[PDB]
Number of protein chains: 6
Amino acid sequence: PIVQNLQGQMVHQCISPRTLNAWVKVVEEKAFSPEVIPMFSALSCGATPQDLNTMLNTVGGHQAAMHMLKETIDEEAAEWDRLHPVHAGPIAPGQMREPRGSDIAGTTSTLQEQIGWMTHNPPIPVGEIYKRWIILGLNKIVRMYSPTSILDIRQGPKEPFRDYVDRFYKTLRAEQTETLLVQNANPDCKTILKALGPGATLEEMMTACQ
Amino acid sequence: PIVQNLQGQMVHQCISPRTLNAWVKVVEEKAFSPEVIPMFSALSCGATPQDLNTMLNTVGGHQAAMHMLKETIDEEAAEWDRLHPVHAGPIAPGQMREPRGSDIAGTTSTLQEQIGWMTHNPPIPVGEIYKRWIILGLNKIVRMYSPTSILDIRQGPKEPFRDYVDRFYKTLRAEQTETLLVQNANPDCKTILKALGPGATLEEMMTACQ
Amino acid sequence: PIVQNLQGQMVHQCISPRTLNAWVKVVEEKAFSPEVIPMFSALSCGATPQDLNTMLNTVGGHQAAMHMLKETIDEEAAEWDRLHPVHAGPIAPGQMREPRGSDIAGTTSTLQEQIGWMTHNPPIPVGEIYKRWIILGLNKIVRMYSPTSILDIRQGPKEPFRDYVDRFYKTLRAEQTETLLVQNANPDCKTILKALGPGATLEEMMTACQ
Amino acid sequence: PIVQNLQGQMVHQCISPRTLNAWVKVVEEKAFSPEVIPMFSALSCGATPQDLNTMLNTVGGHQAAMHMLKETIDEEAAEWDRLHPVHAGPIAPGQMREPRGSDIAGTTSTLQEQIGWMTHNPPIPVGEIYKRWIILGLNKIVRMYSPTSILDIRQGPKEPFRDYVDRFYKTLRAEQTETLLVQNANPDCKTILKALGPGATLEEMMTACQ
Amino acid sequence: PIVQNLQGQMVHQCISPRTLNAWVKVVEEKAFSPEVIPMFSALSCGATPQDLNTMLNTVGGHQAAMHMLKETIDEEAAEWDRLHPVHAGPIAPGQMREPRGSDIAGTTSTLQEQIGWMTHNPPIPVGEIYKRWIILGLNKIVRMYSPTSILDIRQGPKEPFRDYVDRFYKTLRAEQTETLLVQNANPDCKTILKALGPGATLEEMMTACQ
Amino acid sequence: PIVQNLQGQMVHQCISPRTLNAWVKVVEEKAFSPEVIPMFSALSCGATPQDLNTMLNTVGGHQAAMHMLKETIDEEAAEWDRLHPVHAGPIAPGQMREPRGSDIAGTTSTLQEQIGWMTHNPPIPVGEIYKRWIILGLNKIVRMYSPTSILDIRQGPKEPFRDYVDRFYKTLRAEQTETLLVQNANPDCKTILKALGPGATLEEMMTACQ
Ligand SMILES: CC(C)(C#Cc1ccc(-c2ccc(Cl)c3c(NS(C)(=O)=O)nn(CC(F)(F)F)c23)c([C@H](Cc2cc(F)cc(F)c2)NC(=O)Cn2nc(C(F)(F)F)c3c2C(F)(F)[C@@H]2C[C@H]32)n1)S(C)(=O)=O
Ligand SMILES: CC(C)(C#Cc1ccc(-c2ccc(Cl)c3c(NS(C)(=O)=O)nn(CC(F)(F)F)c23)c([C@H](Cc2cc(F)cc(F)c2)NC(=O)Cn2nc(C(F)(F)F)c3c2C(F)(F)[C@@H]2C[C@H]32)n1)S(C)(=O)=O
Ligand SMILES: CC(C)(C#Cc1ccc(-c2ccc(Cl)c3c(NS(C)(=O)=O)nn(CC(F)(F)F)c23)c([C@H](Cc2cc(F)cc(F)c2)NC(=O)Cn2nc(C(F)(F)F)c3c2C(F)(F)[C@@H]2C[C@H]32)n1)S(C)(=O)=O
Ligand SMILES: CC(C)(C#Cc1ccc(-c2ccc(Cl)c3c(NS(C)(=O)=O)nn(CC(F)(F)F)c23)c([C@H](Cc2cc(F)cc(F)c2)NC(=O)Cn2nc(C(F)(F)F)c3c2C(F)(F)[C@@H]2C[C@H]32)n1)S(C)(=O)=O
Ligand SMILES: CC(C)(C#Cc1ccc(-c2ccc(Cl)c3c(NS(C)(=O)=O)nn(CC(F)(F)F)c23)c([C@H](Cc2cc(F)cc(F)c2)NC(=O)Cn2nc(C(F)(F)F)c3c2C(F)(F)[C@@H]2C[C@H]32)n1)S(C)(=O)=O
Ligand SMILES: CC(C)(C#Cc1ccc(-c2ccc(Cl)c3c(NS(C)(=O)=O)nn(CC(F)(F)F)c23)c([C@H](Cc2cc(F)cc(F)c2)NC(=O)Cn2nc(C(F)(F)F)c3c2C(F)(F)[C@@H]2C[C@H]32)n1)S(C)(=O)=O
Ligand SMILES: [Cl-]
Ligand SMILES: [Cl-]
Ligand SMILES: [Cl-]
Ligand SMILES: [Cl-]
Ligand SMILES: [Cl-]
Ligand SMILES: [Cl-]
Ligand SMILES: [Cl-]
Ligand SMILES: [Cl-]
Ligand SMILES: [Cl-]
Ligand SMILES: [Cl-]
Ligand SMILES: [Cl-]
Ligand SMILES: [Cl-]
Ligand SMILES: [Cl-]
Ligand SMILES: [Cl-]
Ligand SMILES: [Cl-]
Ligand SMILES: [Cl-]
Ligand SMILES: [Cl-]
Ligand SMILES: [Cl-]
Ligand SMILES: [Cl-]
Ligand SMILES: [Cl-]
Ligand SMILES: [Cl-]
Ligand SMILES: [Cl-]
Ligand SMILES: [Cl-]
Ligand SMILES: [Cl-]
């Protein structure tokens, strides 16, 4: 990644074994649960495009999702090229060529060029642009691998309301609400929630059905 | 987080895999026991609003509590806006716009803006303001998930006083005392504690009933 | 904690996940064995009052002892106030108000004030003052949870002297010696230790009874 | 490796136990799966030829592949010598002799010489040149140890399409595509994929056969 | 410990949780095997007397040995006082009082005084003086807990010579050689070692009896 | 070890618990397999003679090999003294006495002297000289503990060629080749390898017999 040294200069740093290992492990354990997106964004803090490609490549398995991820990256890269056409001309001394979509995705660009963009003044955050494309593609993967629709999350007749709400917002998060939460509650809690009226907080709802 | 480098300047640092992993693990193991609040405050030392949102998002499960947490944040953000209305005008060079509630909660603000507020002179500690809102909301979650009332913590007839006091203050902490501690002691220890008189220390009480 | 950077200035540092985790684990494993006091002092090296309160709060369980710890802190804080009454007056620019007992214990003081005291010239080591109160209170807890009196540590008739001495000084340490060590030895070793005479070293005693 | 200190100078650093251990472990667990190449490139970030040889030597087992790796290195080194013949002459003060293939592969060069090349201005990245040769040789090993041909990856009659696509691109990656993916789908999904037409995305294909 | 910062000044550092934990673990696992002495010396690199006392205090159990260790320290401290009598007089500004035995052992000295001695020019290495006393006392403990005499290490009639030599020098190290190694070899290997003659290396001896 | 600080000065560093622990563990797990030599060289990067002796002393067990290691060190030290006789004379201010063999092996030299040699300009790398002697002695240990001769590595009649080549070069490495690899192949693969002709690569040989 590109970190600021303790003197105030942005320099390149090798990705640490701890960072590499945490990413690999979170995919093995959590696959494409929603909370894998924040881990990816946090672990790739300050990442160059090379670091991002490293992290994606260390994933073994899930190659169907990884391939869908490439197609999303190609979609976003092609959109970047339609909005930012590279102008012909010799690059001035101490300056950087404009990045293409494939340069941001690290396929036609070197690490030294990525460092040049990211440490430019003003910087071209090719790492953050690429990370956004990846998180976009990861969100579609999370959505596709969501097993259950919110319409099928219904409170059991003897299911504690807390457990039901846990399953409800867990499902909702992956599908990516208030009145449906009441409608899918069991008869005994729905009656209590009816009498609470509208505008009740979740805490008030949970307190009323416990 | 925003740390001070070893030269004396406040700079941004990537959240470390150790910090991310410790937070995730403490929620898996301890859920919403009271001691999860100090871990959250310590792990988010110097955190930006983005880091705080990262930590909350890495939580898988407990989505009922996580949703109640958002409602508390929205309550606190809306109160921040009623007390701090943003004034219209162009921001002066080298200065920061006033933060709204949603900027403090990281929903309408960028990392660069959060760094600008937090490293301003004087700084606007949007991270500490947001952390306070979260700890406020976490405390209500801890209180709601407290299973047992202090009125039901009674010493067993052959229960060692030490074990009873352990359960008593554990329950008290989650519910968030002296005379009730005597009243709920078993007959044999209550008689001893009566004769100790008032103003006895816990150490004196424990010594008298062991 | 307040560490000295590699340039020679005392600056504040976030408590590390390693430090937090080690303290929690040592309490889970060792409870209030005597060797938990050195771990606490070493782990809270350079700690502010906030860090000390963090560490104590991360403890789950043992709330009877934790409450006795507060009473010892209140005793010591009140003694600090009787010896150091805060004088009325406006604090001069660049100076710190005198700390009260509750400021040292972090209940009425902010982190910024604690940093001001601890990095003052000369510094007011509110962290070390608070740590002393805590270690004082922890010692009383260790003493109270000591199960066995030294009078009941007697060498078994076929117990190796080494094992006996191990149990003896282990018990002695928690209770917090030479002639009692002989008196509680078994008949066969006591006869040997009699003939050694007084002023023998432990190594001489152990060698004589092995 | 050769890292840039926090002041801006490229200096040599001892390879860390974490880096050494991660490489050894990834070979024990993953052998020569494709994702072992990115781990090798990431763990040897900034590596000198000595560090690269260290990492390869810490591998126990797989000595058949390790020997094939040497033959690839010798092939590449000999090609380097045919393209870069070392010119005779005394090396000027403060300058470095031109590297031979065997100097890049660390067999006829010292660490001090490798540091001289890598920290030269402009630098001769003997580490990156050597790493490229190794990754080249590792790719041939991954290809040779690929057990299954893409022609044998066929969807089972009741196999979920997602699982099939996972096996397909996993196999494809090791062998190192769209129309073959349809042809090897089972009859029921092939009929659906026929009607989708050409130019469908993988996400559209997966959605249509789930 | 007292480390040199990356600028060239000797400053105090908190003992790290890793250092504390490694020492505790090595005592639990290896007790007083000989190789515990090098671990102690390496883990207490640069240690102050306070750090040394911390490490010894974190040991739970083995209190018989720990008490023998104090008696050795008192012996060495008293010898230090007989060779270095403290002269009466006011200490000059910026200078340190001469250390007594009990100051070196950290019982009558503060951390600030230990830092003053250790960072003086020339420094008084009270940490290294104390560490020497401890290693002296630890060596006597290792010697006392050595279970077997070298006279009882005899090669079994079908015991491989390598295994025998392993047990021999292991025992010798704890007891703290060549001709006895031959004498205790079994008849078949002794005959071979006789014919080798004197002045044979261990490698020659092992090769001859394998 | 002697590391270069982030400012460009060679200073001494305490050996880290991670380094100590990794060395101990690799000996417990791998004993004297060949790949233990690279781990030793990597873990002792920049090591002083004291650090090297520390690492060797932390080894418990294998004392037969450890003693053979001392004899190799004494051989090499005595050769160093025959090639570098120390000249009599007072050492000039700011200079270092010439090292003897026993000074390089850390037996008659202090840490401060080792730092003086290693940080001299030009430096006397007593650490690297000592490490070379140790690696020399470790290689003889690896060779002696090699169980199987290369003449006994023969491909089984139904053994996959890959597995055979794995055992072959593993054995060869410890014994420390092409035509013997063919001669020891089973009849079916030998016939194929005959027809390949000479000058075939290992990859061609493996491909032909799979
Ligand atoms: C990936 C990344 C770059 C980012 C970001 C990112 C940025 C901003 C915000 C956010 C912050 C505060 C508030 Cl009050 C709201 C809000 N208040 S509201 C009422 O909607 O108006 N909304 N937001 C999202 C915003 F900004 F997009 F609007 C927020 C979040 C929250 C952070 C958060 C997580 C948490 F657990 C508990 C919290 F209190 C806050 N994360 C989510 O909310 C995810 N989530 N989704 C849903 C669902 F879909 F089911 F409803 C559900 C959640 C849930 F909260 F977990 C919970 C079960 C409900 N994250 S990062 C930093 O992680 O690496
Ligand atoms: C989250 C965060 C930002 C913070 C803070 C924070 C700030 C200040 C203080 C504190 C410090 C010293 C004293 Cl003497 C008192 C006091 N003395 S008193 C008699 O009340 O007048 N009170 N306080 C709270 C104050 F300041 F709010 F008043 C304190 C605490 C204590 C720290 C502490 C924990 C501990 F274990 C043992 C200690 F000796 C001190 N924590 C609590 O006390 C929590 N607790 N709650 C209750 C209950 F409700 F059951 F009674 C019980 C506890 C308990 F102690 F654990 C024990 C069973 C009893 N924490 S952080 C730094 O953790 O990240
Ligand atoms: C908490 C903290 C801030 C502190 C400190 C602290 C400060 C000083 C000293 C100390 C140092 C050297 C000597 Cl020679 C003596 C001494 N010599 S003597 C003969 O008494 O006159 N006394 N002391 C205590 C002093 F200074 F208070 F006097 C010491 C200790 C010792 C350190 C130590 C531990 C150890 F294991 C072995 C050692 F060789 C030295 N620790 C204790 O002795 C604890 N202990 N208690 C008893 C008992 F009660 F049973 F007798 C027993 C021990 C025991 F040694 F473990 C052993 C079974 C016997 N610690 S910290 C740095 O840990 O974080
Ligand atoms: C070793 C090292 C130095 C390097 C590099 C390196 C350099 C660039 C790129 C890359 C980046 C973005 C795009 Cl969009 C494409 C592209 N888009 S495309 C449609 O082809 O035109 N192609 N590339 C390769 C390029 F550049 F060579 F063209 C890329 C990769 C990708 C990174 C990546 C991995 C991932 F998992 C998911 C992603 F979204 C992106 N890695 C691979 O693709 C490996 N892979 N191989 C195949 C197969 F063969 F089966 F098809 C398959 C993959 C797969 F993606 F995993 C997935 C199942 C399919 N890595 S490092 C940095 O790791 O240490
Ligand atoms: C604690 C500390 C501060 C220190 C130090 C310290 C200082 C110097 C030396 C040393 C170095 C090189 C040589 Cl050649 C000799 C030597 N050559 S010789 C022939 O005697 O003349 N002698 N020495 C000791 C010296 F200097 F004191 F003379 C040495 C050692 C050796 C280091 C070593 C360990 C090892 F495993 C293998 C090695 F090749 C070298 N350690 C020991 O030898 C311990 N040991 N003891 C005996 C026994 F008693 F059985 F014989 C046995 C050993 C043994 F080697 F393990 C092996 C089975 C035999 N350590 S530290 C740095 O560890 O933290
Ligand atoms: C200890 C230390 C200081 C050092 C060093 C050190 C220094 C240089 C080299 C080296 C580098 C590149 C090439 Cl191409 C050759 C070469 N090409 S060749 C055809 O012979 O002419 N030779 N060398 C040794 C040189 F330089 F001495 F010649 C090399 C090695 C190789 C590194 C390596 C390991 C590996 F696994 C795979 C590689 F591609 C390269 N290590 C070895 O080869 C060890 N080995 N031994 C044998 C055997 F004996 F069976 F044949 C076998 C190996 C084996 F490769 F593992 C494999 C099964 C065969 N290490 S360190 C840095 O580790 O800490
Ligand atoms: Cl790491
Ligand atoms: Cl790349
Ligand atoms: Cl794969
Ligand atoms: Cl509830
Ligand atoms: Cl980390
Ligand atoms: Cl954010
Ligand atoms: Cl979830
Ligand atoms: Cl009690
Ligand atoms: Cl940490
Ligand atoms: Cl506080
Ligand atoms: Cl609790
Ligand atoms: Cl004994
Ligand atoms: Cl490390
Ligand atoms: Cl090399
Ligand atoms: Cl091997
Ligand atoms: Cl799907
Ligand atoms: Cl640590
Ligand atoms: Cl001390
Ligand atoms: Cl104890
Ligand atoms: Cl042998
Ligand atoms: Cl470490
Ligand atoms: Cl030494
Ligand atoms: Cl041993
Ligand atoms: Cl093969």
Side-chain angles (χ1 to χ4, degrees), chain A residues 1-16 19 40-56 73 76-77 79-81 83-87 89-136, chain B residues 1-3 5 7 9-15 48-51 54 91 93-97 103 106 109-120, chain D residues 3-10 45-46:
Chain A
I2 296 291
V3 309
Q4 183 173 156
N5 59 21
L6 305 179
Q7 312 303 307
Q9 181 184 5
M10 304 298 302
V11 301
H12 180 265
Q13 259 192 12
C14 285
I15 185 165
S16 74
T19 296
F40 178 76
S41 168
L43 292 180
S44 64
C45 181
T48 60
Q50 187 198 37
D51 298 323
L52 292 168
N53 282 332
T54 299
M55 293 176 65
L56 300 176
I73 295 166
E76 300 303 306
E79 182 70 10
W80 175 274
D81 290 347
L83 294 171
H84 307 92
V86 164
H87 308 93
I91 303 312
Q95 315 306 324
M96 294 297 304
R97 62 192 185 81
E98 296 177 86
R100 302 174 302 271
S102 64
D103 296 323
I104 294 170
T107 71
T108 62
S109 65
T110 74
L111 173 63
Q112 177 200 4
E113 291 175 342
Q114 296 162 27
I115 296 173
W117 288 312
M118 295 175 67
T119 65
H120 194 247
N121 193 24
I124 302 97
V126 300
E128 295 301 311
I129 301 166
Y130 192 22
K131 179 193 292 191
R132 182 185 317 151
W133 298 350
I134 295 173
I135 290 174
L136 184 77
Chain B
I2 296 291
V3 309
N5 59 21
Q7 312 303 307
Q9 181 184 5
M10 304 298 302
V11 301
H12 180 265
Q13 259 192 12
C14 285
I15 185 165
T48 60
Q50 187 198 37
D51 298 323
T54 299
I91 303 312
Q95 315 306 324
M96 294 297 304
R97 62 192 185 81
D103 296 323
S109 65
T110 74
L111 173 63
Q112 177 200 4
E113 291 175 342
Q114 296 162 27
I115 296 173
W117 288 312
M118 295 175 67
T119 65
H120 194 247
Chain D
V3 309
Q4 183 173 156
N5 59 21
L6 305 179
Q7 312 303 307
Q9 181 184 5
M10 304 298 302
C45 181

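Below, chains carry the letters A, B, ... as their sequence lines are ordered, and counting in each starts from 1.
- Every residue two or more places apart in sequence or in another chain that forms a side-chain contact (heavy atoms from CB on, under 4.5 Å) with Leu136(A) is listed here: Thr72(A), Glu76(A).
- Nearest approach of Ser41(A) to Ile135(A), heavy atoms of both residues: CB-CD1, 4.0 Å.
- Closest approach of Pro1(A) to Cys45(A), counting heavy atoms only: CB-O, 3.8 Å.
- Between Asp103(B) atom CG and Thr110(B) atom OG1 the span is 9.0 Å, to the nearest 0.5 Å.
- The stretch residues 109-123 of chain A participates, sequence neighbours left out, in these salt bridge (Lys or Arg N to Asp or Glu O under 4.0 Å) pairs: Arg97(A)-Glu113(A).
- When all heavy atoms are compared, the tightest approach of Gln114(B) to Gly106(B) is NE2-CA, 3.9 Å.
- Minimum interatomic distance between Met118(B) and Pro49(B) (heavy atoms only, all atoms of both residues): SD-CD, 4.1 Å.
- For the atom pair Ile73(A) CD1 and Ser102(A) OG, the distance stands at 12.0 Å (nearest 0.5 Å).
- The main-chain N or O of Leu43(A) is never found under 3.5 Å from a side-chain atom of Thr19(A) such that the two would form a donor-acceptor pair.
- Applying the ring-ring contact (aromatic ring centres under 6.0 Å, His included) rule to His120(B) yields no partners; only residues at least two apart in sequence or on another chain are considered.
- At least one donor-acceptor pair closer than 3.5 Å links the side chain of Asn53(A) to the backbone N or O of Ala105(A).
- For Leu6(A), the side-chain contact (heavy atoms from CB on, under 4.5 Å) partners at least two apart in sequence or on another chain are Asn5(B), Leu6(B), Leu6(D).
- Under the side-chain hydrogen bond (donor to acceptor under 3.5 Å, both in side chains) criterion, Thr54(A) pairs with no residue, sequence neighbours left out.
- By the salt bridge (charged side-chain N to carboxylate O under 4.0 Å, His left out) test, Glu128(A) is found to be paired with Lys131(A), residues two or more places apart in sequence or in another chain being considered.
- The minimum heavy-atom distance linking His12(B) with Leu111(B) is given by the pair NE2-CD1, 3.8 Å.
- Rounded to the nearest 0.5 Å, atoms CD (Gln4(D)) and CD (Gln13(A)) are 10.0 Å apart.
- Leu52(A) CG to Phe40(A) CZ: the interatomic distance, rounded to the nearest 0.5 Å, is 5.0 Å.
- What you find for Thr119(B) and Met10(B) is that their closest heavy atoms are CG2-O, 3.6 Å.
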Notebook entry, point to check: When you look at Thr48(B) and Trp117(B), which way does the side-chain contact (heavy atoms from CB on, under 4.5 Å) test go after all the steps?
Noted result: CA-CA 10 Å; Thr48(B) 60; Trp117(B) 288 312; over 6 Å; no
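- Enclosure of atom CD in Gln112(B) is not indicated, since only 12 or fewer non-hydrogen atoms of other residues, nucleotides or ligands lie within 6.0 angstrom.
- A donor-acceptor distance shorter than 3.5 angstrom exists from the side chain of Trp80(A) to the backbone of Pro99(A), with no hydrogens or angles considered.
- The line from OH of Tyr130(A) to CG of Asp51(A) is 11.5 Å long, rounded to the nearest 0.5 Å.
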